[PDB]
């Protein structure tokens, strides 16, 4: 589902394909381009020497990406953005976009609605990490990604596909610890695990 405005915006971009796991944005690169996911999904990650990679968020079709450096020249990509599946994404220079903004501010309103949402979601994440114990953090995380578009409904909850590695990267724990906690969450009858498939209740 799309609309005129959106299509108007798109007719000003170049759509490029990206195989699963390929990197769309490298942290540190000069920020001079805006992106738009027409198809597929991506992960946004940050790195910290020792411990390594952490997943800030998943973004999907309809999501803008690479927008954080738009309002001030000379900024660096604040994160790594990698394809989680085959992706088709539009791109336009900040300059051309700042122009379309003047033509029709609605395009900025749509981008802004998403930034506001991201700030609400990232803030909630900040709190969960500071206030929840590792158990609650993982328990909540399973609820969140159960809210993702790729989540398949279960005749008694919601079914998701995730790795102990990904969970650990979202909550900030090792896959070993995640496994041990998933065991408890299963025992406590809160989830059902079968391979890399989890059924959240």
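Residue numbers count along the first chain shown, from 1.
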Quiz prompt | Selected stretch [higher average CA B-factor]: 31 to 39 or 151 to 159 | solution = 151 to 159
Self-check item: Of 57 to 65 and 133 to 141, the stretch whose C-alpha atoms average the higher B-factor in the entry
Solution: 133 to 141
Self-check item: Highest-ranked of 190, 182, 24, 10 once sorted by CA temperature factor in the record
Solution: 190
Quiz item: Relative to the other modelled residues in the chain, which third contains the C-alpha temperature factor of residue 173: lowest, middle or highest?
Solution: highest
Quiz item: C-alpha B factor of residue 70, ranked within the chain: lowest, middle or highest third?
Solution: lowest
Quiz item: In terms of the CA temperature factor given in the entry, to which third of its chain does residue 146 belong: lowest, middle or highest?
Solution: highest
